Each structure stands twice: as structure tokens, then as C-alpha cells.
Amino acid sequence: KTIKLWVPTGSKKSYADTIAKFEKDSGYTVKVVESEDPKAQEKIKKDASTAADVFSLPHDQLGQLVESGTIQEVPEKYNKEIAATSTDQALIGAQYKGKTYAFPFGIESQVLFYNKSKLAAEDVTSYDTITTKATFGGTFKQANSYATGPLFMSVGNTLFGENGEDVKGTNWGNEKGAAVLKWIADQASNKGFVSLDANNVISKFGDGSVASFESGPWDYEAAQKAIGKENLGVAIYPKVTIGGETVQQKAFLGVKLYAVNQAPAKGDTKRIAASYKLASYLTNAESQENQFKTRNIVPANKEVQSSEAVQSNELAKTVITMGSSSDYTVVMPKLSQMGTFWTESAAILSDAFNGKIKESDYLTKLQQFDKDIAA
């Protein structure tokens, strides 16, 4: 009566109390092993004997694990609990073709970081205002698709249709997509836009040549240190004016999941039930509260999201606003054709900024993109 759990690196101690509570309530023992979330899929394929009963993963890999038969639909009991307690965006993270396969525990989104000695709060709600009054820095020469890929969805185009599950639904090859490429190209002559490399985002923020930039919670500490805690502002993504339309700038949402792999239980339904119970425990309000407090995990649970501790933390509050609605975030699609998206979107965004494609080529390149990705 032992089940194996894979938890994110560093996290084991954070979860000790949660696990003890589960152990005391279920009478199962839990073997807890740290293991990198992004590698869970590879690890399972390589050695299914050693595979954990319960493991953390990023939702962007959930579609693959479903399609290989590794993760099965959760029991209806848990489906109801997850839908009730999670944000709608988090649930979309946990679902694939209409079924729930995992338990959200966390969310992540990029935000706008700015220097309060260079920009007032009032002036960071609009990209046009930011670059009129100060500077915005981005890595446009070597485009980051995670960062600026969502511009295409910001203007009302989709990545694999509205639900992110139609392999033929990506529709950038139109005037709105072309207008995204135009805006990219225009940033080269926008006097408030500063062309960055990955390795100088933070240092140019520190030296004051970049007043603002977009990144995730992983850069929060470095931003703080670059200009001083008291000078660091955090805000939601601004509006941006593309093709003469002012629209909300979107980012991707990442949803952090626990899932159950039934295979190591070999038909033992008592143990499978225990595995779902563990996942439920790991991702309930109490655990998410503890995970925010100990490891600054931004909760997927609506109730913890609105807690004073979380709402008083400007980074967490901002990530939550971004994850609160599809007005701000696109939940990263799960289809394997995302592979093409990463490669081709980066190249086209780069080429538009660098002038390796011209305006008269924007539409044909985007139409070709739409064809390529639909394979």
C-alpha cells in the first residue's frame, strides 16, 4: 500500500505536511521523489515500471500524455471538484477534447515590469503611451515566440481555433496577421522601443536604458535587484495598437498540473482511488495556500487567489489578473503541431523586425504559415 509521487524540484519539504495529512487519512504510504516537471513524459515512456502513480507536469504536455494512453480521464467526483475550485482558464489547462485529465495547482503568465523612477502607473496601460513617454525593451531581432506569438491572438486571430484544438484552425494569413508583422517592423523605428538580446534584458533595465519590458515571475528577483525593490513596478500587459485597432496585449498561460498514471497500480482499484485522492490533496485550497506561502506558487484555486496574502502580493495578483480571463491569456494549446508554431512563428517575427521580409510579402508568408502548421 505504497504509491509513488513525483514533485517539482526543491518542493519535497514544502509538501511534507500535505503528504502526512494524506497518509494519515488514507492509510497509504507515499514515496516522494523530486523530478523535473518538463521531463515527466520522457521519463514515463523510457521506464514505465519506475513510473510514479502521481506526478507534476506542465499542461502543455497533457495532450501528448493523453494521446499515448498514459493519462486517463479523472473520475467524475474529481471532475466536479476541479471545475468548481479552479479558474476557467486553469480548467482549460487540465482538459483535452472536452475531458478532464489532471488537477491544476498553479498558473504562470508573463507580466509588464517597469521602473517607477521612469514611468508612472498611469502611463503603463498603453504600449503607445509607454513608448511615447519612456522605453519598452523586447527581444525582436531573435524573436521569442512565447513572448510575441500571442500578438496574433491579441488582434482576434486564433492558434488552432478558439478552443486551441482544431489542427486546421490557425488563421494568421489575413490582414490582421499582416498588421502584426507591420507593427513588429515599425518597432525598429519607434524611438521608445529598445532592441534587446536575451542576455541584456536585465542589465539594460538596470542601467536605465529600458524603462519597461515583459517577462515572467522567474525574472522578478533579477528585476528587483537591477533597479532596487522600491523602484520595481508590476502591471498587467498593456493595450497595444495594431492595424489601427487598440486591443489588449495577450500572453500565454501555463497551468501547472498533477496527474495520475494508473498503469503502475496494475488493476488495484483501491490504489488508483488513493492516487486520485493524493492528487486532490496536493492541489486543494489548503495545499495551494501553503504552496504560495512556502514557494510563491501562484494558485489555480479561485479561493486562494483572492486570499489576503496572495492579493497583497503585487506579482501574484498581476499573474492572476492575466490568468483570470481569455481577454488577457491564451492557454497554450496541447496539439503536437505546436512544434511548427514555435519554429515558424519565431522566424517570421524575426524576419519582419529585421526587414528580411517586406510588407508586400506579409500576407503570402502568413498564408504559408497557416498551411505549414495545419499538417
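We number the residues from 1 along the sequence you see.
Peer 1: In the PDB record, does 267 to 275 or 99 to 107 carry the higher mean Cα temperature factor?
Peer 2: Mean B over CA atoms: larger for 267 to 275.
Peer 1: Would you determine, from the values in the PDB entry, which of 148 to 156 and 67 to 75 has the greater average C-alpha temperature factor?
Peer 2: It is 67 to 75 that shows the higher mean C-alpha B-factor.
Peer 1: At the C-alpha atoms, which of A347, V33, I320, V331 reaches the highest B-factor in this entry?
Peer 2: Largest recorded C-alpha B-factor: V33.
Peer 1: Classify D327 as lowest, middle or highest third according to the C-alpha B-factor given in the PDB entry, relative to its own chain.
Peer 2: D327: CA B-factor falls in the lowest third of its chain.
Peer 1: So where's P238 on the chain's Cα temperature factor ranking, which third?
Peer 2: Its C-alpha B-factor, which the entry lists for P238, ranks in the lowest third among residues of this chain.
Peer 1: In terms of the CA temperature factor given in the entry, to which third of its chain does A84 belong: lowest, middle or highest?
Peer 2: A84: CA B-factor falls in the highest third of its chain.
Peer 1: Sort the modelled residues of this chain by their C-alpha B factor and say whether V167 lands in the lowest, middle or highest third.
Peer 2: Its C-alpha B-factor belongs to the highest third of this chain's values.
Peer 1: Mind checking which third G161 falls in for C-alpha B-factor across the chain?
Peer 2: Its C-alpha B-factor, which the entry lists for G161, ranks in the middle third among residues of this chain.
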